[PDB]
Each structure stands twice: as C-alpha cells, then as structure tokens.
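Here the structure comes first, spelled out in structure tokens, and everything after it is commentary.
Note that each Cβ is placed from the backbone with ideal geometry, even for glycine, and that neighbours are counted across all protein chains shown. Where a number appears in this text, it was derived from the coordinates with a stated rule and is not lab data.
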Amino acid sequence: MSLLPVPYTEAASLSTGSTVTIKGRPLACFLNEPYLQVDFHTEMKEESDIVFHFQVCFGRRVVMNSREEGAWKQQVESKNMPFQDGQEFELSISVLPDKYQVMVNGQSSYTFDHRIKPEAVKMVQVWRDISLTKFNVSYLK
Amino acid sequence: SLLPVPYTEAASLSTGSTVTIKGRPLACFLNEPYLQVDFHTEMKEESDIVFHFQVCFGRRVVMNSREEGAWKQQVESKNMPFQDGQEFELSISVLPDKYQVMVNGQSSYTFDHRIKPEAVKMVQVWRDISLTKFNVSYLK
C-alpha cells in the first residue's frame, strides 16, 4: 500500500525457480523519458559487480548488460515497450536454467542468457525515476 | 530536512535572477546517477522547456530546449566539478544573453538564451538526487 524508499536495496538469494516481483509507477510522463533500473549485485555494495542489469528508458528502449571486474560488457538492446504511459506496472524477473525471463504486466517481454551463475547474486537494487509499492523475492519447485 | 523529488516550483525569472539548488546524488559515480533541472513555460511537465540542464554524474552535462514537444540542438560539456558521494550547490544565474551555471562556487557551464527567461513559469528538479534546498532569488 505505502511507498517504499527509492533507491530500494534488498539482500537476495537466487537460483533456478526464483522470481523477483516489483510493482511501481514512473515518476514522469513518457515525453520526459523517465528511467527504471534493476541491478542484481554480487555483493552488499553498490560498486560491486552486476550479474544482471535491466534498464528501461520509458517509451524508448530497454538495455540489458552485466558489469564484470568493474567494466560493462556486451549490451543487449530491446525496442519492445509493453509499459504504458502514466500507469502502474508489474515487473517480474524469473530465473530459468539458462536465462532470466522478464515479464511486464503478465506478458513475457525480455530474455537475457546467464553470463554468471544466478547463485552469485547477494543483493537487488531498484532505482531511477519510479515510485515503488512492492518488492518480493519468491521461490518455486 | 529533505524536499520531495521530483520537486516542482512556480518561478518568475529575469536578468539578475538566480536559482540555487543544494542536493546530493543518490548513487556513487560508478553507477552514473542523473540530475535534471528544467525551466518550463507552463505548470505542466509536458510543456515546453526554455532551459534543460542534465548531469550524468562523472560523465557529462547536456543542455538543450524543447519547443512544440521536440528537442532542439544539444550543447554538451565534459566539465565535471561535482564530487563523488558529496553534497553540491548548483547556482543558475540569468544574464542578459545567457544562463551562467556555478557548481560549488566554480563557474562551470553557460547556455545562450533561445527564448526570453520571462517565458519561464515553473522549475522542475528531478532524477537521482536528494534535495535539501531550492531557492529563487533576485538582485539587479
């Protein structure tokens, strides 16, 4: 119900069958290009390596990447934009054996092959131009 | 005490006006937090922008204007007086021909007027910062 702090930081343990669910709303209209960033970190430090970086420029594109040994690797870009202008969204990131599967409002929207094992993740950070009402880590089978 | 972010205030600017902002980035420079300051023509976030000032901390500064919903010619600066993990004081002064931007007492950026500063009705401060002070002052 109530708004969560942004940047939002939560310790997390991920493996095949894990899902990270986020509910939030952009802080600006799509004309002003608000951003959303979700980072799966290897340590409880914001300067640590990033196993999975998911960045939305609302109304424009999605960029996915990893930061290894302090350096950004090969960017994966998607022009798929299921997010709606001025609306609350549900972002769901599922851990599959070979990749992350990203869902937006129940629709399968993005994929990213594992570069580092998801078991290396110790923390999740959610930040940039969003208000956040829900953050949850769940596990199934 | 912190101000809400996005921060929006009604403003009237002319030659001799100064917009002072005091704040801190919400992330370390390695994570590239942003700061955006927009001088709008109306009390609407989708309205035209007389002066847009955007910092990508530790990387660059971009300045521009948005007219009839379309961005014009970008002005880029690689000058980065902002310090990693520190509080900053940003001052935007309105001169006859341009905006003069100071960072922590250092003259750092300029932007020639495209539209008269008297067209500004509102100032918006947003992106990855905590804000402790916002003030519009005049001395001329």
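Just grab the label-to-label distance for A:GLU47 and B:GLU32, each label 7 Å out from Cα along the Cβ direction, in nm (one decimal).
Distance between the two pseudo-spin positions: 1.9 nm.
For a label point 7 Å from the Cα of B:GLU87 along Cα→C-beta, name the residues of the stretch B:118-132 whose backbone N is under 20 Å from it.
Under cut-off, by backbone N: B:125-132.
For chain A, set up a Gaussian network in which alpha carbons nearer than 10 Å are linked by springs, and say which option among A:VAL63, A:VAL126, A:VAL51 fluctuates the most.
Answer for the Gaussian network model of chain A: A:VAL63.
Could you give the dipole magnitude of the stretch A:57-140 about its Cα centre, charging the beta-carbon of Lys and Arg +1 and that of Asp and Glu -1, in debye to the nearest 20?
Result for the stretch A:57-140 is approximately 140 debye, rounded to the nearest 20.
Setting aside same-chain residues fewer than 8 positions from A:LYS45, which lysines have a Cα under 28 Å from its Cα?
A:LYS45 reaches A:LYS23, A:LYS73, A:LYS99, A:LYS117, A:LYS122, A:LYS134, B:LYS22, B:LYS78.
Hey, got a sec? Which GluC sites (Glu not before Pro) in the stretch B:25-60 land in a DSSP loop and have at most 16 other Cβ atoms within 10 Å?
Sparse-neighbourhood loop GluC sites (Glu not before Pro): B:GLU42, B:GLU46.
Suppose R0 equals 25 Å; then what is the FRET efficiency for B:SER137 and B:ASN104 from their Cβ-Cβ distance, rounded to the nearest 0.05?
0.90
Cross-link partners among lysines for B:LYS116, C-alpha distance below 21 Å, same-chain residues fewer than 8 apart left out?
B:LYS44, B:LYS72, B:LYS98, B:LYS140
Using alpha-carbon pairs under 8 Å, 6+ residues apart, how would you state the relative contact order of chain B in percent?
41
Could you work out how far the C-alpha centroid of the stretch B:52-98 sits from that of the stretch A:85-125, in angstrom?
Computed from Cα coordinates, the inter-centre distance equals 33 Å.
Evaluate E = 1/(1 + (r/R0)^6) for B:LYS72 and A:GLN74, where r is the Cβ-Cβ distance and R0 equals 30 Å; express this FRET efficiency to the nearest 0.05.
Here the calculated transfer efficiency is 0.35.
If the only charges are +1 at each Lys and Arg Cβ and -1 at each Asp and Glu Cβ, what is the size of the charge dipole of chain A around the Cα centre, to the nearest 20 debye?
With only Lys, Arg, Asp and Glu charged at Cβ, the dipole is about 280 debye.
Only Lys, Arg, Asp and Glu count, each charged at its Cβ (+1, +1, -1, -1), so figure out the dipole size of the protein assembly as shown about its Cα centre, rounded to 20 debye.
In total the dipole reaches around 0 debye.
Please name which of A:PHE58, A:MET81, A:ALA71 has its Cα lying farthest along the dipole of chain A towards the positive end, using unit charges on Cβ (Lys, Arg +1; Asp, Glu -1) and the Cα centre as origin.
The one lying farthest along the dipole's positive direction is A:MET81.
What per residue convex hull volume, in Å³, do the alpha-carbon atoms of the protein assembly as shown yield?
135
Could you pull the Rg and Dmax for chain B, using just the Cα atoms, both in Å?
14.0, 41
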